[PDB]
Amino acid sequence: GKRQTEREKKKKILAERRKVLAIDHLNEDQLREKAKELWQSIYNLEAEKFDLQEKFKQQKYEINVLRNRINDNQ
Amino acid sequence: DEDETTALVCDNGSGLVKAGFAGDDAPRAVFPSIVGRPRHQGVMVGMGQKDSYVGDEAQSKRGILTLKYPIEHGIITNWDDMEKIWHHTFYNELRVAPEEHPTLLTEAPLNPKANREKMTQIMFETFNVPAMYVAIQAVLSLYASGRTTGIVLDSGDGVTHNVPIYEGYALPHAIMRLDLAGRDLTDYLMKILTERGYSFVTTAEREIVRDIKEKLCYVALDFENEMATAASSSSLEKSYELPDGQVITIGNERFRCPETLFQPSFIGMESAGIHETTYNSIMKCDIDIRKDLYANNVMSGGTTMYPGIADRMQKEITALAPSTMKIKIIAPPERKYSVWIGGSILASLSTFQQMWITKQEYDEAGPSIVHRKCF
Amino acid sequence: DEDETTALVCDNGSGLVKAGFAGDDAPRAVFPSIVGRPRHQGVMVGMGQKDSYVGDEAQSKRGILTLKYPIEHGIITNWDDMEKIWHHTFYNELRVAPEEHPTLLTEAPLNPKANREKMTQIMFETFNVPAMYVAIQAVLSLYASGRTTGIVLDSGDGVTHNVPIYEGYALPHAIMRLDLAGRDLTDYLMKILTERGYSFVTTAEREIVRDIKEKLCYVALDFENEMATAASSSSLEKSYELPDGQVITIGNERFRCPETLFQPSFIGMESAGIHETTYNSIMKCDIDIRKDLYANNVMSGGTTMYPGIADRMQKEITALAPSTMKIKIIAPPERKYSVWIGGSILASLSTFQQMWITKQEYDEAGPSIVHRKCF
Amino acid sequence: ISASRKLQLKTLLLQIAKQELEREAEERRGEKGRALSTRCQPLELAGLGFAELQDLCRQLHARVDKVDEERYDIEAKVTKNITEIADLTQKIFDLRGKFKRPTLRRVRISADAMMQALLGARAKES
Amino acid sequence: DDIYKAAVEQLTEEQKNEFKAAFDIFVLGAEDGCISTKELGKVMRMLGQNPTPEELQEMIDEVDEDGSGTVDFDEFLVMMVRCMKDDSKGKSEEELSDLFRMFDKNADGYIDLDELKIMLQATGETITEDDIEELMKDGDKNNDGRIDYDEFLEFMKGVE
Ligand SMILES: Nc1ncnc2c1ncn2[C@@H]1O[C@H](COP(=O)(O)OP(=O)(O)O)[C@@H](O)[C@H]1O
Ligand SMILES: Nc1ncnc2c1ncn2[C@@H]1O[C@H](COP(=O)(O)OP(=O)(O)O)[C@@H](O)[C@H]1O
Ligand SMILES: [Ca+2]
Ligand SMILES: [Ca+2]
Ligand SMILES: [Ca+2]
Ligand SMILES: [Mg+2]
Ligand SMILES: [Mg+2]
């Protein structure tokens, strides 16, 4: 049963980062700068993702390399 | 390694996992169903921090790792061991991800709904698999046998299933499962060897004596007469050489170990022997097809690798049933892998490629609806 | 003198203190574990007022100083001698203060809690040390051996430890210590030499005969046969020249001195010989790994520098155990320092630099909690 | 040939290796910049109304959540890869250990002290 | 021997003259004209430290280039320059993986002889065929035509 909760926590992890946004107390000009901060968040996110991707690639090579070692000292 | 988009046939039978790609005639990755867990805590530095051994890695070290059986009688006890054995088979032997080919798994007859929903959920949510399918072992074994009629007797490690199929037709009402198999035989041999004088109480020795049984233990053609002639033993008792070197001497016990199958009273259970239960199952079937079930009975399971089962079955059925008709018992060679073989020949059909269950419909329907769709 | 911030490896083994910096292959400061105290009171003027000699300063003068052993059987008798030997090693040989680098000390298996708490307290409160760590000798010896499997036999001066380690796994339940070693052998040789005719009853002569034993005494390949052939001696008896000049003649006694290890009945103790105790320990282990323990047995301790121990062990184990398997005994060269060598290679790892115990946590926790943290 | 020439070749290998690593790092930075410019494009707030800015912010929040979901999937993959790499590396260490523990010899007495003790005043260059 | 001979050639002429003088001093009155276990131990005593016999053997085995079991002048320089540890401070495991990757440019798990040769060509120094063969042997242990990661790790001893 804890594994089902683990998948639920995976979805709950995504739920934690998102929070309610309020557009009623803001005026016309402020909303624009606030939109920009949301945009920078987007930017930031992809950057880390990109990093991970590149690392993933690197890590895969590692795996390959590692496999060869067990195929040379067996 | 694989250039054909075909399902991976992974028979997760109790006692031995047999995994391989579809189209092959035998499983390439064959390893026992055991999980070794570090018992103590070491102050040592440099060893693998891996907290969960599996397969041959656990078989190679049974003195340090406490051994746990991932399957008992059929009901799945621990799901972590399930995730461990599949993740291991995927990313340590086959060297292929499940995100590129289907997977035709084989489950035992009359299993819990929790087991099926759990494995399906681990195979859909956690691992990204394009399609899953649960199949009963008896049908695939009858496929590999190359027939459509007979009663399949599948004796695994902790469960024994009798499944009658006549004219390629299943009988879900007559399938009766009984938890008498290799583990209860290992326990009986262990307690009788403890009565002989060599006493042990650890699982590693239990696996060792299990292997000794697989290698030496056979079925008797006449229990009481062999008992009488073994009272004064000469060639009836054999001296086995333990892999460690200790000289063990085992005589009649061999052909009295599987006899517990024919006499469950030894383990104090009111259940009937495998032969008598099969006979009762035959009465539960209709009379018209009973002769065909007598003439086409098939066997499956690793436990059937003992020498002398066919003759014992023939004498017992002849003593129980009339001796006017013809009752031929057929056991195909390498029957143990036959089930898996069936899987292979079942995954190559285009129609079977049309009977898979994709992720999206399962996600909307949910696991319970998937249970209804299969049966 | 030292430009690297690395722990000082100080093996305080019974009989010989071996101190040196980490990274080296051999201890630079090697001196016996003895404390010489002025026996009489002199009216002389000008000599050193020092009231407590140690090490080579005491070895150079054994006629004036009454000799006391700072360690007996393993239990620390006097703590003043402990403070003396560390203060001496710090401010007379190494020429370095303990306030700049850690210190990896090595203690014997199965030692009292009072000993550990006392040394740790002297190393934290009195001396300002940034971090301490207690380590068992057997693990470091197995490290220096370059393996992870086998039973280490460490025979120091007053204690003998048998420690089985298979696949790196320590077995704290099977470690059995027995106080039979070089001191009881020196006592046996002394009483049998007193039986020969040369009688002495002072410690300086005891150390001299200990050195004579270290140089000449060896182990016999067949005790009774050597006794018979030595009855009529020719080349079996040797004439040794004492460092003072007195001509000593020693014959069979040599290869009968270490024999007391194999026959503790000579000293009237019901304890079993080292070989029989090791064999019993092997039965206490599991059968699965017993063959590996037979094939990877390792030795440690200065007492193992005698010639003929490997062959004697092989014949005795072959006579006790079956002669069907293979029982190879491996003794690495310069095994005595190997332990210390291990310390060196253990102090260079960054992870080990993360497993030290700093002052503040010890002060709040107290010594007893520190005992729990280590094990 | 001599061994000194091989050491010179090896050290030259190391420096040309470091320069290559720096070049690869710069190329990775450039590729990251280009990928960022392609994926996350700037905004266009000129001419948007009150409700239009609200809708744009809601859409940006949805895109934020979608990117975090993708990143979380990739990070789970990276963690599985880290686990597998650690397991395989430790298995390889256990395999390759055997008898390959090294050390630097300690009887190699330091030349400075040795040179002083052997020569006295003659030792000036060494 | 690599770092040892490098340090030897790095010595000056005046230093090598002092080394020859010290050699003549050590073999002063010897019978083999070289420094054997006996003469080396005699020198060690003359200094103060005492050397183990097996240690003396292992040391003479770590300085000879001929096979005599004794230390001559060509080996005197090595025995008198080995003090500084040039092959210490091993590169981090991540740096070692980077080294293997950039030597394995085509992404295969093996440093074929072509990669090693193009690397030697790229370094700029005049690469001698003997140097290529010696490095190829030093790396490729089993001599299959390529340096795997384990053989590459073996290539890092005596290198810094
Ligand atoms: N070669 C063999 N000889 C004898 N018995 C065997 C052999 N292989 C497996 N068994 C027995 O069969 C049981 C496991 O059977 P299993 O692998 O589940 O069969 P299947 O895979 O056909 O379902 C165990 O109890 C084991 O003792
Ligand atoms: N060179 C040697 N030859 C023979 N016996 C020795 C030698 N060195 C030490 N011993 C013996 O070993 C004992 C001390 O061993 P110890 O130094 O404690 O070993 P370790 O340091 O490995 O624990 C003494 O009883 C001594 O007689
Ligand atoms: Ca030479
Ligand atoms: Ca390549
Ligand atoms: Ca190679
Ligand atoms: Mg079966
Ligand atoms: Mg010792």
# chains A, B, ... in the order shown; residues from 1 in each chain; ligands from 1
>>> interface_residues(of="chain A", to="chain D", cutoff="9 Å", atoms="only C-alpha atoms", output="MDAnalysis selection string")
chainID A and resid 14:15 17:18 21 23 27:29 31:32 34:36 38:39 41:43 45:56 59:60 62:63 66:67 69:70 73:74
>>> write_last_selection(atoms="N, CA and C atoms", output="CSV table (one decimal), in the first residue's frame")
chain,number,residue,atom,x,y,z
A,14,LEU,N,4.6,17.5,-7.3
A,14,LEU,CA,4.2,18.5,-8.3
A,14,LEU,C,3.2,19.5,-7.8
A,15,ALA,N,2.2,18.9,-7.0
A,15,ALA,CA,1.2,19.8,-6.4
A,15,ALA,C,1.8,20.8,-5.5
A,17,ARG,N,4.6,22.5,-5.5
A,17,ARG,CA,5.3,23.6,-6.1
A,17,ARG,C,4.3,24.7,-6.6
A,18,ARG,N,3.1,24.2,-7.1
A,18,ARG,CA,2.1,25.1,-7.6
A,18,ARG,C,1.3,25.7,-6.4
A,21,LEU,N,-2.7,31.8,-7.4
A,21,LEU,CA,-2.4,33.1,-7.9
A,21,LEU,C,-3.6,34.1,-7.8
A,23,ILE,N,-5.0,37.8,-9.1
A,23,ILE,CA,-5.0,38.8,-10.1
A,23,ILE,C,-6.0,39.9,-9.8
A,27,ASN,N,-2.9,45.9,-10.3
A,27,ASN,CA,-3.3,46.8,-11.3
A,27,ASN,C,-2.8,46.4,-12.7
A,28,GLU,N,-3.0,47.3,-13.7
A,28,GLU,CA,-2.6,47.1,-15.0
A,28,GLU,C,-1.1,47.0,-15.2
A,29,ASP,N,-0.3,48.0,-14.6
A,29,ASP,CA,1.1,48.0,-14.8
A,29,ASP,C,1.9,46.9,-14.0
A,31,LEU,N,0.9,44.0,-13.1
A,31,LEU,CA,0.7,42.6,-13.7
A,31,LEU,C,1.8,42.4,-14.7
A,32,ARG,N,2.2,43.3,-15.5
A,32,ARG,CA,3.2,43.1,-16.5
A,32,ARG,C,4.6,42.7,-15.8
A,34,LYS,N,5.0,41.4,-13.0
A,34,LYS,CA,4.7,40.1,-12.4
A,34,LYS,C,4.8,39.0,-13.4
A,35,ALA,N,4.3,39.3,-14.6
A,35,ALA,CA,4.3,38.3,-15.7
A,35,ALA,C,5.8,37.9,-16.0
A,36,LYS,N,6.6,39.0,-16.0
A,36,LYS,CA,8.0,38.8,-16.3
A,36,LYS,C,8.7,37.8,-15.2
A,38,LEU,N,7.2,35.5,-13.7
A,38,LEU,CA,6.8,34.1,-14.0
A,38,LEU,C,7.6,33.6,-15.1
A,39,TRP,N,7.8,34.4,-16.2
A,39,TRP,CA,8.7,34.1,-17.3
A,39,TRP,C,10.1,33.6,-16.9
A,41,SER,N,11.0,32.4,-14.1
A,41,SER,CA,10.9,31.0,-13.5
A,41,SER,C,11.0,30.0,-14.6
A,42,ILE,N,10.1,30.1,-15.6
A,42,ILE,CA,10.2,29.2,-16.8
A,42,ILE,C,11.6,29.0,-17.2
A,43,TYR,N,12.2,30.1,-17.6
A,43,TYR,CA,13.6,30.1,-18.1
A,43,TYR,C,14.5,29.2,-17.1
A,45,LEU,N,13.7,27.0,-14.9
A,45,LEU,CA,13.4,25.6,-14.9
A,45,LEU,C,14.1,24.9,-16.1
A,46,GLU,N,13.8,25.3,-17.3
A,46,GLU,CA,14.4,24.7,-18.5
A,46,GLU,C,15.9,24.5,-18.3
A,47,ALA,N,16.6,25.6,-17.9
A,47,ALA,CA,18.0,25.5,-17.6
A,47,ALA,C,18.4,24.2,-16.8
A,48,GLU,N,17.9,24.1,-15.6
A,48,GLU,CA,18.2,22.9,-14.8
A,48,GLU,C,17.9,21.6,-15.6
A,49,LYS,N,16.7,21.6,-16.3
A,49,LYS,CA,16.3,20.4,-17.1
A,49,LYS,C,17.4,20.2,-18.1
A,50,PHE,N,17.8,21.2,-18.9
A,50,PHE,CA,18.9,21.1,-19.9
A,50,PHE,C,20.1,20.4,-19.2
A,51,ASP,N,20.5,21.0,-18.1
A,51,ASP,CA,21.7,20.4,-17.4
A,51,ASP,C,21.5,18.9,-17.2
A,52,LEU,N,20.4,18.6,-16.5
A,52,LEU,CA,20.1,17.2,-16.3
A,52,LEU,C,20.2,16.4,-17.6
A,53,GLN,N,19.6,16.8,-18.7
A,53,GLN,CA,19.7,16.2,-20.0
A,53,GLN,C,21.2,15.9,-20.3
A,54,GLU,N,22.0,16.9,-20.3
A,54,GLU,CA,23.4,16.8,-20.7
A,54,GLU,C,24.0,15.8,-19.7
A,55,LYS,N,23.7,15.9,-18.4
A,55,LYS,CA,24.3,14.9,-17.5
A,55,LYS,C,23.8,13.5,-17.8
A,56,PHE,N,22.5,13.4,-18.1
A,56,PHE,CA,22.0,12.1,-18.5
A,56,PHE,C,22.9,11.5,-19.6
A,59,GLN,N,26.1,10.5,-18.1
A,59,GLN,CA,25.9,9.3,-17.3
A,59,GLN,C,25.7,8.1,-18.1
A,60,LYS,N,25.0,8.2,-19.3
A,60,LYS,CA,24.8,7.0,-20.1
A,60,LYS,C,26.2,6.5,-20.6
A,62,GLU,N,29.0,6.8,-19.1
A,62,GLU,CA,29.5,6.2,-17.9
A,62,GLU,C,29.1,4.7,-17.9
A,63,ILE,N,27.7,4.5,-17.9
A,63,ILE,CA,27.2,3.1,-17.9
A,63,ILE,C,27.9,2.3,-18.9
A,66,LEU,N,31.4,1.5,-17.9
A,66,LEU,CA,31.3,0.6,-16.8
A,66,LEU,C,31.1,-0.9,-17.3
A,67,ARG,N,30.1,-1.0,-18.2
A,67,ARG,CA,29.8,-2.4,-18.7
A,67,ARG,C,31.1,-3.0,-19.3
A,69,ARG,N,34.2,-2.6,-18.5
A,69,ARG,CA,35.1,-3.1,-17.5
A,69,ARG,C,34.7,-4.4,-17.0
A,70,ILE,N,33.4,-4.7,-16.7
A,70,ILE,CA,33.0,-6.0,-16.3
A,70,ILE,C,33.2,-7.0,-17.4
A,73,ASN,N,37.3,-7.9,-17.2
A,73,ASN,CA,37.9,-8.5,-16.0
A,73,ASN,C,37.1,-9.7,-15.5
A,74,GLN,N,36.3,-10.3,-16.3
A,74,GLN,CA,35.5,-11.4,-15.9
A,74,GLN,C,36.3,-12.7,-16.2
>>> interface_residues(of="chain E", to="chain D", cutoff="8 Å", atoms="only C-alpha atoms", output="PyMOL selection string")
chain E and resi 1-3+5-7+9+14-15+18+22+47+51+59+79-85+98-99+102+119-120+123+125+130-131+135+159-160
>>> closest_atom_pairs(of="chain C", to="chain B", cutoff="7 Å", atoms="only C-alpha atoms", output="Markdown table")
| residue | atom | partner | partner_atom | distance |
| --- | --- | --- | --- | --- |
| C:168 | CA | B:44 | CA | 7.0 |
| C:169 | CA | B:42 | CA | 6.5 |
| C:286 | CA | B:63 | CA | 6.8 |
| C:288 | CA | B:63 | CA | 6.4 |
| C:289 | CA | B:63 | CA | 6.9 |
| C:291 | CA | B:244 | CA | 6.8 |
| C:325 | CA | B:245 | CA | 6.9 |
>>> write_last_selection(atoms="N, CA and C atoms", output="short mmCIF file (atom, residue, chain, number, x, y, z; two decimals), in the first residue's frame")
data_model
loop_
_atom_site.label_atom_id
_atom_site.label_comp_id
_atom_site.auth_asym_id
_atom_site.auth_seq_id
_atom_site.Cartn_x
_atom_site.Cartn_y
_atom_site.Cartn_z
N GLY C 168 34.40 -9.78 4.02
CA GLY C 168 34.50 -8.53 4.75
C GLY C 168 33.64 -8.50 5.98
N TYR C 169 32.79 -9.51 6.19
CA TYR C 169 31.85 -9.46 7.31
C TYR C 169 32.44 -9.87 8.64
N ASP C 286 29.32 -20.96 9.84
CA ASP C 286 28.43 -21.76 9.01
C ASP C 286 29.23 -22.64 8.05
N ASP C 288 28.65 -23.32 4.88
CA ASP C 288 28.79 -22.76 3.53
C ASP C 288 30.14 -22.08 3.35
N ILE C 289 30.55 -21.28 4.34
CA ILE C 289 31.75 -20.46 4.24
C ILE C 289 32.96 -21.14 4.85
N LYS C 291 34.73 -23.76 3.96
CA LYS C 291 35.78 -24.01 2.97
C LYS C 291 36.55 -22.73 2.65
N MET C 325 39.27 -31.81 0.42
CA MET C 325 39.27 -30.47 -0.16
C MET C 325 40.69 -29.94 -0.28
#
>>> residues_near_ligand(ligand="ligand 7", cutoff="9 Å", atoms="only C-alpha atoms and all ligand atoms", output="VMD selection string")
chain C and resid 13 to 15 108 137 153 to 157 159 to 161 300 to 304 336 339
>>> select_by_dssp(residues="range 284-364 of chain C", states="alpha helix (DSSP H)", output="ChimeraX atom specification")
/C:284,287-295,309-320,335-347,350-354,359-364
>>> residues_near_ligand(ligand="ligand 4", cutoff="12 Å", atoms="only C-alpha atoms and all ligand atoms", output="list in words")
residues 65 of chain A; 100, 101, 102, 103, 104, 105, 106, 107, 108, 109, 110, 111, 112, 113, 114, 115, 116, 117, 118, 119, 145, 146, 147, 148 and 149 of chain E
>>> write_last_selection(atoms="C-alpha atoms", output="mmCIF file, in the first residue's frame")
data_model
loop_
_atom_site.group_PDB
_atom_site.id
_atom_site.type_symbol
_atom_site.label_atom_id
_atom_site.label_comp_id
_atom_site.auth_asym_id
_atom_site.auth_seq_id
_atom_site.Cartn_x
_atom_site.Cartn_y
_atom_site.Cartn_z
ATOM 1 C CA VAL A 65 32.142 2.417 -20.003
ATOM 2 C CA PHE E 100 38.698 8.429 -20.923
ATOM 3 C CA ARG E 101 35.819 10.130 -22.750
ATOM 4 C CA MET E 102 37.957 12.671 -24.600
ATOM 5 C CA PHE E 103 40.419 9.925 -25.500
ATOM 6 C CA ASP E 104 37.405 7.899 -26.717
ATOM 7 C CA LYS E 105 36.066 10.630 -28.990
ATOM 8 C CA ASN E 106 33.943 8.391 -31.215
ATOM 9 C CA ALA E 107 31.961 7.165 -28.131
ATOM 10 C CA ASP E 108 32.621 3.410 -28.048
ATOM 11 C CA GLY E 109 34.205 2.450 -24.708
ATOM 12 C CA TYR E 110 37.689 1.834 -26.139
ATOM 13 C CA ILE E 111 40.705 3.988 -26.940
ATOM 14 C CA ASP E 112 41.793 2.488 -30.261
ATOM 15 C CA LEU E 113 45.336 3.078 -31.493
ATOM 16 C CA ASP E 114 44.020 5.690 -33.939
ATOM 17 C CA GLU E 115 42.782 7.922 -31.105
ATOM 18 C CA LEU E 116 46.070 7.582 -29.209
ATOM 19 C CA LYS E 117 48.086 8.415 -32.332
ATOM 20 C CA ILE E 118 45.963 11.427 -33.307
ATOM 21 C CA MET E 119 46.265 12.629 -29.724
ATOM 22 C CA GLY E 145 44.261 -3.070 -30.304
ATOM 23 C CA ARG E 146 42.523 -0.717 -27.861
ATOM 24 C CA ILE E 147 42.759 0.646 -24.318
ATOM 25 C CA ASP E 148 39.623 -0.021 -22.288
ATOM 26 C CA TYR E 149 38.795 1.913 -19.123
#
>>> interface_residues(of="chain D", to="chain B", cutoff="8 Å", atoms="only C-alpha atoms", output="MDAnalysis selection string")
chainID D and resid 87 90:91 94
>>> write_last_selection(atoms="C-alpha atoms", output="PDB file, in the first residue's frame")
ATOM      1  CA  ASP D  87      26.100  -0.100  -8.167  1.00  0.00           C
ATOM      2  CA  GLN D  90      31.235  -0.728  -6.774  1.00  0.00           C
ATOM      3  CA  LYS D  91      30.828  -4.114  -8.476  1.00  0.00           C
ATOM      4  CA  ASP D  94      35.125  -5.530  -6.016  1.00  0.00           C
TER       5      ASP D  94
END
>>> closest_residue(among="E:55, E:67, E:157, E:46", to="chain C", atoms="only C-alpha atoms")
E:55
>>> interface_residues(of="chain E", to="chain C", cutoff="12 Å", atoms="only C-alpha atoms", output="PyMOL selection string")
chain E and resi 48-55+88-89
>>> write_last_selection(atoms="N, CA, C and O atoms", output="compact mmCIF listing (two decimals), in the first residue's frame")
# COMPACT_ATOMS: atom_id res chain seq x y z
N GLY E 48 72.27 5.50 9.51
CA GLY E 48 71.62 5.27 10.78
C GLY E 48 70.43 4.34 10.71
O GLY E 48 70.26 3.47 11.57
N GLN E 49 69.59 4.50 9.69
CA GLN E 49 68.41 3.66 9.54
C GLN E 49 68.82 2.24 9.15
O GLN E 49 69.86 2.01 8.52
N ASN E 50 67.98 1.28 9.52
CA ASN E 50 68.24 -0.11 9.18
C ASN E 50 67.22 -0.61 8.17
O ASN E 50 66.01 -0.43 8.38
N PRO E 51 67.65 -1.22 7.07
CA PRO E 51 66.71 -1.63 6.02
C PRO E 51 66.44 -3.13 6.03
O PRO E 51 67.35 -3.94 6.23
N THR E 52 65.18 -3.51 5.82
CA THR E 52 64.84 -4.92 5.77
C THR E 52 65.44 -5.56 4.52
O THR E 52 65.50 -4.92 3.46
N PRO E 53 65.91 -6.81 4.60
CA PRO E 53 66.47 -7.47 3.40
C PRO E 53 65.48 -7.58 2.25
O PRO E 53 65.82 -7.26 1.11
N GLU E 54 64.26 -8.07 2.52
CA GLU E 54 63.25 -8.11 1.46
C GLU E 54 62.98 -6.70 0.94
O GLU E 54 62.74 -6.51 -0.26
N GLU E 55 63.03 -5.71 1.83
CA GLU E 55 62.88 -4.33 1.40
C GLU E 55 64.04 -3.88 0.53
O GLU E 55 63.85 -3.15 -0.45
N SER E 88 52.01 11.32 -7.40
CA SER E 88 51.01 11.43 -6.35
C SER E 88 49.89 12.38 -6.78
O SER E 88 49.91 12.95 -7.87
N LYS E 89 48.90 12.54 -5.90
CA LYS E 89 47.75 13.41 -6.13
C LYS E 89 46.96 12.98 -7.36
O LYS E 89 46.84 13.70 -8.35
